[PDB]
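Taking the form deposited in one PDB entry, here's one chain by itself in structure tokens.
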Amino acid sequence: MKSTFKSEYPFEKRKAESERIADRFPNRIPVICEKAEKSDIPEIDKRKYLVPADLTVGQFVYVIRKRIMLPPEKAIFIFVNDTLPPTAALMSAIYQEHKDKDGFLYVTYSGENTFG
């Protein structure tokens, strides 16, 4: 599968969990990454990333690397909308134009530097 939040749970519920994260930390950016099948990296436990609006993709690329705790010899890359944003890009500017109708964000990481 790819996502069970929309399948397993309703679309509102999701937007709900955010409604609170917004009332609690409206200065954050709950990015919802999704394992990239294409890649061959080891799956994660869950997909959740609460970063500030002052952090850049760079950091994120690292955060994820934590969830997968990849080796220092490997190199993972983040992708959005079947794209590959820079590390300088701000998670606020990106999510700003990458934001979904549900609010959350949809990104995917892959051990390879390819969009698929």
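The first residue of the sequence shown is number 1, and the count goes up from there.
Quick note: we don't show the form deposited with a partner chain bound, though the next part is all about it.
- Using a 4.5 angstroms limit between non-hydrogen atoms, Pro26 is distant from its partner chain in the deposited complex.
- At the 4.5 Å threshold, heavy atoms of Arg65 reach its partner chain in the deposited complex.
- Using a 4.5 angstroms threshold between heavy atoms, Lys35 stays clear of its partner chain in the deposited complex.
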